[PDB]
Amino acid sequence: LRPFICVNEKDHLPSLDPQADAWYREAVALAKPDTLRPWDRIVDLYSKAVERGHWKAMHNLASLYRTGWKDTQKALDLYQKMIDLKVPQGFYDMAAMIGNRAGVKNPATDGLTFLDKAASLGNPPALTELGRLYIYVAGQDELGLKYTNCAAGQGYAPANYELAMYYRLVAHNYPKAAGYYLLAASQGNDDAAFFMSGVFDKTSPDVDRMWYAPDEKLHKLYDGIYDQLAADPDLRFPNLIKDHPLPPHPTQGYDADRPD
Ligand SMILES: [Au+]
Ligand SMILES: [Au+]
Ligand SMILES: [Au+]
Ligand SMILES: [Au+]
Ligand SMILES: [Au+]
Ligand SMILES: [Au+]
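Per the deposited record, X-ray crystallography is how this structure was determined, to a resolution of 2.002 Å.

What follows is the structure, encoded as structure tokens:
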């Protein structure tokens, strides 16, 4: 991807067939892991949707084949169908399965690795993974941050978790980092909610708190958020940030670059 150009994945997706999407949505509802799942019906619905070109159904069904409830080749075939439709997620899935470097051998990538192709089409998982490699392995912080923010901007929670970790561990901008942890947690990110559950705990060491002062109310709040989310990954917390603004940081205020 040179030069790096950030695009929105939505501008590179096939339209979804209405009947197909009805079938997909019904299968998704039936397949919720915290319910007693009717596997035959779920596979049937996904399969009907796949026959009418639904790429999200291809993705979910391929996952089911990868784990069983196992058919490696059926999963691979589905990923290839997605790639055939130039679905960005398809390139990501193929990378995540057989490896990134094999992408150069696939004609649909045009001599790009699978992740590079996916990221070129705006895929937030690929953007997040490559951004991570640029920051921590290549030492190209600014470029990796551009990748990561391109994914975060599309509402991708794990990318907000990566930004939080960067600003906490590398930049040491704790209010910024906390803003990103809270954003990821609100969007359902388990890692982020877990970290936030320790930040205002008086029994946490200073570094776990990012040197915030302990706060009983906020500890109970974020401990509760994490409790809920840990049991049910589908929860979101759309009001969390605005209903409970962050206290000022004892030395960094509301931005380490502008302590005042
Ligand atoms: Au496209
Ligand atoms: Au998935
Ligand atoms: Au540092
Ligand atoms: Au507490
Ligand atoms: Au609240
Ligand atoms: Au509050």
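## Details of the overall build of the protein
The helix and strand inventory of the protein stands at 13 helices and zero strands. Put simply, the protein runs from its N terminus to its C terminus through helices and strands in the order α-α-α-α-α-α-α-α-α-α-α-α-α. Burial statistics for the protein: of 260 residues in total, 45% are counted as buried. The centroid of the 28 positive side-chain charges in the protein is displaced by 4 Å from the centroid of its 34 negative side-chain charges.

## Considerations on the environment of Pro233
In this fold, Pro233 is placed in the loop between α12 (216-231) and α13 (240-243). In the structure, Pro233 is positioned 45 residues away from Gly188 in sequence and 6.5 Å away in space, judged by C-alpha atoms.

## As for the state of the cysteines
Scanning the entire structure with this criterion turns up one disulfide. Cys6 shares a disulfide with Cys150; S-S distance 2.1 Å. Disulfide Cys6 to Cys150: torsion about the S-S bond roughly 85°, handedness right-handed. Judged by its relative accessible area of 5%, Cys150 is buried.

## Regarding the nonpolar core
Counting 74 residues, the largest nonpolar core has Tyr46, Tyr181, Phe200, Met210 and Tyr222 as the members making the most contacts within it. Broken down by element, the residue count for this core peaks at eight residues, all from helix α10 (residues 174-186). With residues up to four places along the chain from it excluded, the contact list for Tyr181 reads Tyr161, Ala164, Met165, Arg168, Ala192, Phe195, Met196 and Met210.

## Looking at a nonpolar patch on the surface
Taken together, the side chains of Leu133, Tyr136, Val137, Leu169 and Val170 present a nonpolar region at the surface, about 450 Å² in accessible area. The residue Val137 is located in the loop between α7 (124-136) and α8 (141-152) in this model. Exposure remark for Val137: the relative accessible area of 66% places this residue in the exposed category.

## Considering α8
Between the first and last C-alpha of α8 there are 16 Å, a value that for twelve residues agrees with the 16 Å anticipated at 1.5 Å per step. Contact partners of the buried residues in α8: α6 (114-120), α7 and α9 (157-169).

## Some remarks on the side chain of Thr128
When you line up the elements, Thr128 lands in helix α7. Here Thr128 falls in the buried class, since its relative accessible area comes to 8%. Ignoring any residue separated from it by four or fewer positions in sequence, one finds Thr128 in contact with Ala151, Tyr156, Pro158, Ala159 and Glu162.

## Details of helix α11 (residues 190-199)
With seven of ten residues buried, α11 is to be regarded as a mostly interior element. The inward-facing, buried residues of α11 abut α9, α10 and α12. One side-chain oxygen at the N-terminal end of α11 lies 3.3 Å from the backbone nitrogen of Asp191; it belongs to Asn189.

## A word on the pattern of salt bridges
Where charged atoms from two side chains of opposite charge come close, those side chains can pair. Enumeration according to the criterion identifies ten salt bridges in this entry. Two residues, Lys10 and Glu9, come together in a salt bridge whose shortest N-O distance is 3.2 Å. By relative accessible area, which is 6% here, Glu9 ends up buried.

## As for the packing of α11 against α12
In contact at an axis separation of 8 Å, α11 and α12 are set at 150° when each is read in the N-to-C sense. Considered as vectors, α11 and α12 are oriented roughly antiparallel to each other. Where α11 crosses over α12, the two elements pack in a sense that is left-handed. Residue-level inspection shows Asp190, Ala193, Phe194, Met196 and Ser197 of α11 in contact with α12, the latter providing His219, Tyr222, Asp223, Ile225, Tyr226, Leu229 and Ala230. Taken together, the residues of the contact of α11 with α12 break down into eight nonpolar, two polar and two charged.

## Quick notes on the packing of aromatic side chains
Pairs of aromatic rings are described using the distance from one ring centre to the other and the angle between the two planes. Across all of its chains, the model carries 13 aromatic pairs by this definition. Each ring, one from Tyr65 and one from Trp69, has its centre 6.0 Å from the other, and the planes form 45°; the classification is tilted. On the accessibility criterion, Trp69 (52% relative accessible area) is exposed. Plain terms: the ring middles of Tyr174 and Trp211 are 5.2 Å apart, the flat faces sit at 35° to each other, and that makes the pair tilted. Of this pair, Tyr174 sits in helix α10 while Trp211 sits in the loop between α11 and α12; the two residues are 37 residues apart in sequence, bridging distant segments of the chain. In this structure an aromatic cluster arises from ring pairing among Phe4, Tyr134 and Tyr147. Taking NZ or CZ as reference, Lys48 lies 5.8 Å from the ring centre of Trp23, over its face.

Criteria and thresholds
- Residues numbered from 1 in each chain as written, not as in the entry; some residues may be left out.
- Chains lettered and ligands numbered in written order.
- Heavy atoms only, no water.
- Helix = DSSP H or I, 4+ residues; strand = E, 2+ residues; numbered from the N terminus.
- Buried < 20%, exposed > 50% of the residue type's maximum accessible area, 1.4 Å probe, protein only.
- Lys, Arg positive; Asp, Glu negative; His and termini not counted.
- Charge placed at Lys NZ, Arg CZ, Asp CG, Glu CD.
- Disulfide = S-S within 2.5 Å.
- Core = buried A, V, L, I, M, F, W, Y, C linked by side-chain atoms within 4.5 Å.
- Contact = heavy atoms within 4.5 Å.
- Patch = residues over 30% accessible without salt bridge, like charges linked within 9 Å, V, L, I, M, F, W, Y side chains within 5 Å.
- Areas by Shrake-Rupley, 256 points an atom, 1.4 Å probe, with all protein chains shown as cover.
- Salt bridge = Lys/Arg side-chain N within 4 Å of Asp/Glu carboxyl O.
- Expected span 1.5 Å × (residues − 1).
- Polar contact = N/O pair within 3.5 Å; in protein donor to acceptor, adjacent residues only side chain to side chain.
- Axes fitted to C-alpha atoms, helices over the stretch in contact; angles between N-to-C directions.
- Parallel < 35°, antiparallel > 145°, perpendicular 65-115°, else oblique.
- Left-handed = near helix turned anticlockwise from the far one by under 90°.
- Nonpolar A, V, L, I, M, F, W, Y, C, P; charged D, E, K, R; others polar.
- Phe/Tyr/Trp six-rings, centres within 6.5 Å; stacked < 30°, edge-to-face > 60°.
- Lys NZ or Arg CZ within 6 Å of the ring centre and 35° of its normal.

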